[PDB]
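Report on one structure; see the data block that follows.
No hydrogens, no waters, no symmetry mates; every other heavy atom, side chains included, goes into these values. Lettering of chains follows the sequences in order, A, B, ..., and the numbering in each one begins at 1.
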Amino acid sequence: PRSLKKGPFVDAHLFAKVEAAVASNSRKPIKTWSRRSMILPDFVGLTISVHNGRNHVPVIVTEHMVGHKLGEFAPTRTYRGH
Amino acid sequence: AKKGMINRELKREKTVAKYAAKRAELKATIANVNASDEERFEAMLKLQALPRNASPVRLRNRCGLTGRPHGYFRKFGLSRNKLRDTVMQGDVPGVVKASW
Amino acid sequence: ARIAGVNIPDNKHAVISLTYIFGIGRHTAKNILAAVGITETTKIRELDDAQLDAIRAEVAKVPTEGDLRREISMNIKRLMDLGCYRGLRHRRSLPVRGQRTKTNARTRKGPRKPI
Amino acid sequence: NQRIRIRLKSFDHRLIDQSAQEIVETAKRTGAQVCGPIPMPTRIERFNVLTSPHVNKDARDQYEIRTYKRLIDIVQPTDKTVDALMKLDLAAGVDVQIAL
Amino acid sequence: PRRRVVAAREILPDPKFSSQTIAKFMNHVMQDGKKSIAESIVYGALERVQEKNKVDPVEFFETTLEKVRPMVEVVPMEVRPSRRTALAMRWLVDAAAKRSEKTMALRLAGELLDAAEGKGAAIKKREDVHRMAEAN
Amino acid sequence: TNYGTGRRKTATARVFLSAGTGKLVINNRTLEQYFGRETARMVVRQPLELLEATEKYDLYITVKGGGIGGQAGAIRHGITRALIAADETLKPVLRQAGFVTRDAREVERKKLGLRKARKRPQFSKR
RNA sequence: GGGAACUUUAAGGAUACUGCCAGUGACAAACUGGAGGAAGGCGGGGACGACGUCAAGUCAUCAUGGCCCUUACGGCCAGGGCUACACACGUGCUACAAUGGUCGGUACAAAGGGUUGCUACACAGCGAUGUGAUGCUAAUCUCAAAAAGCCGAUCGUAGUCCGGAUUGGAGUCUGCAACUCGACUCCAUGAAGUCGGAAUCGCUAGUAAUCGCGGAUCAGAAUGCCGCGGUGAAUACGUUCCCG
């Protein structure tokens with residue numbers, strides 16, 4: 001994991017979007033390719049469409065997912081069995 | 001290698017050289033202990049806001065003659081094929097077949 | 001002797017016997033014994049009832065068997081419900097920490113299943 | 001209390017020996033005392049180069065390159081000593097470092 | 001080989017008893033180059049047999065080795081002198097491995113005493129080879 | 001008084017022989033203090049024991065390189081050479097014992113394509 | 001202080017030639033034994049691979065005849081994949097323990113790397129590491145602790161004080177960024193595994209076996225590869241059959 005002395009990593013373009021939405025109260029999803037951004041407490045209550053390689057999967061941020069990377073909720077491989 | 005890949009490598013070296021000084025300055029400001037926490041946070045933000053190609057970790061050593069990205073041998077600056085050719089021709093000073 | 005609802009061996013050294021409890025390892029056994037002032041080489045059967053009571057009082061500070069097993073169960077269940085990548089791996093009973101699955105996943109996958 | 005320290009580095013021990021002999025002879029001729037030459041341990045670098053262009057891992061050439069070092073000490077240097085040493089020619093393939 | 005005859009590799013006598021027999025026994029006992037451990041194992045047995053019953057350590061070992069020595073191969077053939085000792089040492093090592101005691105040295109000494117008195121998996125195996133020899 | 005140099009497996013021993021009661025020092029240490037295993041101690045004492053002069057001489061020995069066995073062999077070789085220097089008439093006996101020969105055996109280099117000097121990777125024709 | 005003896009460092013030389021003796025061979029080439037010598041008959045190891053064979057391998061190192069695309073089969077970018085997983089095979093590492101595990105004390109190497117680097121020492125932390133600071137462009141300072149070994153104690157044959165997979169919870173470092181998909185540290189957990197069928201592989205001596213150390217690639221990322229030393233065996237009667 002990222003060192004604690006550096007703090008959590010969030011992309012600036014995504015952070016500005018969530019900050020604008022929270023300053024306002026827009027409910028439309030925020031579309032992003034930033035799978036590597038960490039979910040912050042401010043993220044709670046928002047819908048983020050995370051790119052998974054080919055599509056944008058919507059994720060509704062609940063309190064329990066604070067501290068996860070955004071990409072953990074958008075799987076990138078397809079598998080159903082053999 | 002392809003001309004596009006060689007030109008990509010050249011452009012990356014150019015960007016690293018262009019942004020070398022400011023990156024070092026921001027890293028020093030981050031490492032500063034006498035600096036304010038807000039100052040170090042702003043330095044980190046600017047470092048993350050720098051262009052990606054400014055980072056030296058994205059450079060890949062390529063053969064100075066052909067551009068091959070495997071088997072580089074930092075000391076000679078040539079990949080293994082051209083190194084073998086040049087050594088066996090005798091244009092590399094001091095290098096001889098090794099036996100012991 | 002019965003400690004934390006477990007019958008730990010009587011003929012072994014205390015530092016080894018105390019690791020028979022779930023949630024206690026060698027380091028934790030050393031820490032427990034050092035804080036009640038019992039040498040590590042004393043066997044459990046050579047212990048006074050007050051010494052065993054002190055050991056029980058010390059063990060109560062560490063989550064040991066039922067609380068620990070329930071805590072691990074809730075931790076796994078939370079991921080499985082949340083549906084994150086680790087939860088999906090837990091559902092499929094596949095390696096969770098990035099190991100290869102093309103070969104050598106037998107600990108998580110169990111014995112081989114013929115086609 | 002002036003002592004001249006000369007260090008010779010080369011890839012060819014015959015060349016380094018010739019240069020050391022020349023320096024010692026010149027210093028002895030100029031009427032100065034000389035200690036050396038002292039042979040320092042040699043550096044050997046080895047490389048394994050695949051010879052086939054595509055796939056033969058057991059088919060490689062093993063090359064080596066050696067760095068030879070010699071040390072020369074001049075004590076009680078006469079006036080003509082320094083001028084003679086500076087007038088001495090620099091042979092290609094031998095690096096000469098002088099310390100006072 | 002095929003065309004050559006390889007000269008036998010002469011091993012030095014042990015530095016304590018100057019006995020090539022004990023040195024060869026140590027070589028048979030030793031595993032993956034750990035000579036000192038095998039030395040301890042063999043010397044412990046040699047000292048312990050002396051305490052248990054007073055004989056010369058070399059002489060007692062030689063007598064027991066002669067007792068365990070076979071004389072027939074397998075089509076019958078007699079064993080050459082070298083293979084007699086070579087096969088007795090292996091049998092005495094293998095059989096002494098399986099008796100239960102605290103140290104390997106004590107097991108080795110115990111079966112040395114046992115084979116001196118005619119009981120041991122070694123001389124059962126010797127009599128089994130004798131049976132198979134009588135078979136043909 | 002007399003000097004000898006012994007070599008065995010990258011181990012070199014300098015031996016200084018004199019006339020004395022039997023004192024023996026290796027690297028400012030006693031023989032028992034320096035060598036842990038009995039056979040190393042016995043190999044060092046082999047030449048003087050053979051000559052029956054264990055109490056006739058005093059030894060000052062230093063040694064560097066190699067391991068315990070190599071150092072013991074080097075010390076024995078150096079003692080033999082020092083005895084040869086002290087008296088040339090002792091050479092036939094020591095050569096008969098075999099102490100004069102320098103053991104030239106050395107570690108063989110690893111070779112390209114092999115796991116070791118001789119060991120080869122496992123082969124599968126199937 | 002001092003010395004130039006010894007070890008070593010590394011350039012140049014000497015020595016080994018069946019040279020001497022004995023026996024055989026055919027009265028030849030050769031062959032067996034002995035002395036001296038550090039070494040004796042090719043002392044050990046490396047490099048060096050004839051004429052040719054397999055339309056063997058490589059148009060993806062590179063070069064090149066011919067064919068094909070040209071708002072695309074060219075070029076730029078972000079995210080994903082090369083890391084998937086009912087399965088089968090090859091090459092390895094670690095084990096199944098007492099010739100061992102753990103704890104305490106105490107010895108002995110070689111080779112190689114270091115200025116965008118290696119770091120003495122002190123402080124903080126259980127630790128990975130962090131901060132301050134010092135020497136080094138290196139036979140000068142450093143990586144660095146060799147490990148197996150020896151001495152003492154304990155474990156007493158148990159799936160164990162063996163084994164260390166997997167999973168839960170905390171961290172560190174590199175990096176713009178460790179979700180997919182890094183390495184390492186601490187606590188907890190403690191899987192299979194009781195020496196492995198038919199069959200099959202390596203090795204003739206400082207070899208096999210076993211123990212540790214270094215490097216190339218490289219920001220980070222070796223159980224692979226290329227090297228280094230430590231301890232140090234067993235067996236070769238012979239060519240009847242297996243293969244070439």
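Checking the phosphate oxygens (OP1, OP2) of G:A234, a side-chain nitrogen or oxygen of E:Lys24 falls inside 4.0 Å. Residue C:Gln99 places at least one side-chain N or O under 4.0 Å from the OP1 or OP2 atom of G:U167. For B:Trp100, a side-chain nitrogen or oxygen approaches OP1 or OP2 of G:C228 to under 4.0 Å. Look at D:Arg14 and you won't find any side-chain N or O under 4.0 angstrom from OP1 or OP2 of G:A10. Considering only side-chain N and O atoms, C:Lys109 lies under 4.0 angstrom from the phosphate OP1 or OP2 of G:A86. Using a 4.0 Å cut-off, some side-chain N or O of F:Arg109 falls inside it from OP1 or OP2 of G:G227. The phosphate of G:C150 (OP1 or OP2) has no side-chain N or O of F:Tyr34 nearer than 4.0 angstrom. Side-chain nitrogen and oxygen atoms of F:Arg118 include none within less than 4.0 Å of the OP1 or OP2 phosphate oxygen of G:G202. In this model, the phosphate group of G:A209 is approached by a side-chain N or O of F:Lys116 to a distance below 4.0 Å at OP1 or OP2. Neither OP1 nor OP2 of G:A109 sits under 4.0 Å from any side-chain N or O of F:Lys64. Checking the phosphate oxygens (OP1, OP2) of G:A177, a side-chain nitrogen or oxygen of A:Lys6 falls inside 4.0 Å. In terms of phosphate contacts, D:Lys69 brings a side-chain nitrogen or oxygen within less than 4.0 Å of OP1 or OP2 of G:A139. Considering only side-chain N and O atoms, A:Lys69 lies under 4.0 angstrom from the phosphate OP1 or OP2 of G:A178. For D:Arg43, a side-chain nitrogen or oxygen approaches OP1 or OP2 of G:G114 to under 4.0 Å.
In a base pair of the Watson-Crick type (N1 to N3 plus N6-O4 or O6-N4) or a G-U wobble (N1-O2 and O6-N3), with each distance short of 3.5 Å, G:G159 is matched with no nucleotide. Across all strands shown, G:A78 remains unpaired; no Watson-Crick or G-U wobble contact has both distances below 3.5 Å. Base pairing of G:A11: no nucleotide in any strand meets the Watson-Crick or G-U wobble criterion (both distances under 3.5 Å). G:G46: no Watson-Crick or G-U partner with both key distances under 3.5 Å is found in any strand. When both pairing distances are held under 3.5 Å, G:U32 makes a Watson-Crick or G-U pair with G:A22. Pairing partner, G:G214: G:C226, with both Watson-Crick or wobble hydrogen-bond distances short of 3.5 Å. Base pairing analysis places G:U231 opposite G:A209; the two distances defining the Watson-Crick or G-U wobble pair are each below 3.5 Å.
In summary, E:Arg107 and E:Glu101 do not engage in a salt bridge, as defined by a charged side-chain N under 4.0 Å from a carboxylate O. No salt bridge links C:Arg69 with C:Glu71; every basic N to acidic carboxylate O contact stays at or beyond 4.0 Å.
A negative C1'-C2'-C3'-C4' angle places the sugar of G:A98 in the south (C2'-endo) family. The furanose ring of G:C73 falls on the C2'-endo (south) side of the pseudorotation cycle, as its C1'-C2'-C3'-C4' torsion is below zero.
The two residues D:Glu64 and B:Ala98 make their nearest non-hydrogen contact at OE1-CB, 3.2 Å.
Rounded to an integer number of Å, the gap from CZ of F:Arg7 to P of G:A110 is 14 Å. Atom CG of F:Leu114 is separated from atom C1' of G:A208 by 14 Å (rounded to the nearest Å). Summarising the geometry, the separation between CZ on C:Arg26 and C1' on G:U154 is reported as 12 Å, rounded to the nearest angstrom. Following rounding to the nearest Å, F:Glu108 (CD) and G:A47 (P) show an atom-to-atom distance of 11 Å. A straight line from CD of F:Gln122 to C1' of G:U223 spans 16 Å, rounded to a whole angstrom. We find that NZ of F:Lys119 is positioned 19 Å from P of G:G206, with the value rounded to whole Å. One interatomic measurement links the two molecules: CD of D:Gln21 to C1' of G:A11, which rounds to 10 Å at whole-angstrom precision.
Taking 3.5 Å as the upper bound for both contacts, G:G182 pairs with G:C173 in Watson-Crick or G-U wobble fashion. With both hydrogen-bonding distances under 3.5 Å required, G:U71 and G:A110 do not qualify as a Watson-Crick or G-U wobble pair. A canonical Watson-Crick pair (purine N1 to pyrimidine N3 plus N6-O4 or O6-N4) or a G-U wobble (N1-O2 and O6-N3), each contact under 3.5 Å, is absent between G:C59 and G:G125. A Watson-Crick or G-U wobble pair links G:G40 with G:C17, each of its two atom distances being under 3.5 Å. Judged by Watson-Crick and G-U wobble geometry, where both atom pairs must sit under 3.5 Å apart, G:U64 and G:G117 do not count as a base pair. Entry note: G:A124 and G:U129 meet the pairing test, Watson-Crick or G-U wobble at under 3.5 angstrom for both distances. Between G:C181 and G:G43, neither a Watson-Crick nor a G-U wobble pair is formed under the 3.5 Å criterion for both distances. Pairing status of G:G132 against G:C62: not a Watson-Crick or G-U wobble pair with both distances under 3.5 Å.
Proximity note for B:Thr66 (side chain, C-beta onward) versus G:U99, G:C62, G:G229: the nearest is G:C62. Ranking G:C225, G:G57, G:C187 by closeness to the F:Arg115 side chain, first place goes to G:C225.
Residue B:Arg80 places no side-chain atom within donor-acceptor reach of the base of G:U61, judged by atom type and a 3.5 Å distance cut-off alone. Not a single donor-acceptor pair, N or O on each side, falls under 3.5 Å between the base of G:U83 and the side chain of C:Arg100. At a cut-off of 3.5 angstrom, counting only N and O atoms as typed in the model, there is no donor on one side facing an acceptor on the other between the side-chain of B:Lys2 and the base of G:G75. Side-chain to base pairing of E:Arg4 with G:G238: no donor and acceptor N or O lie closer than 3.5 Å to each other. On a pure distance criterion of 3.5 Å, a polar donor-acceptor pair joins the side chain of B:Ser99 and the base of G:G46. Taking 3.5 Å as the limit, the base of G:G168 and the side chain of C:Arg69 contain no donor-acceptor pair of atoms between them.
In this structure, C:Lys12 reaches the sugar-phosphate backbone alone: every heavy-atom distance under 4.0 Å involves primed, P, OP1 or OP2 atoms, never a base. F:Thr5 comes within 4.0 angstrom of the backbone, heavy atoms only, and of no base. Within 4.0 Å (heavy atoms only), A:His82 reaches at least one base atom of the nucleic acid. Residue A:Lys5 is classed as a sugar-phosphate contact, given heavy-atom separations below 4.0 Å to backbone atoms only. Across all strands shown, F:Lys91 has heavy atoms under 4.0 Å from sugar-phosphate atoms exclusively, and none from any base. Contact annotation for B:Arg74: base contact, defined as any heavy-atom pair under 4.0 Å involving a base atom.
Residues B:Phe76 and D:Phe47 bring their aromatic ring centres within 6.0 Å. The ring of F:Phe99 has its center no closer than 6.0 angstrom to the ring center of F:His77.
For the pair F:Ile68 and B:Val33, both in contact range of RNA chain G, the more 5′-proximal nearest nucleotide belongs to B:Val33. Heavy-atom nearest nucleotides on RNA chain G were determined for B:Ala1 and for B:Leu59, and the one closer to the 5' end corresponds to B:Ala1.
Residue F:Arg120 qualifies as open at atom CZ: its count of foreign heavy atoms under 6.0 Å is 12 or below. The number of heavy-atom neighbours closer than 6.0 Å to CZ of C:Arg112, taken from other residues, nucleotides and ligands shown, is 12 or below.
Taking the six-membered ring where the residue is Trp, A:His56 and A:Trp33 present perpendicular rings, their angle passing 60° and hence far from 30°.
The side-chain heavy atoms of F:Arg37 and E:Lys35, taken from C-beta on, include a pair separated by under 4.5 Å.
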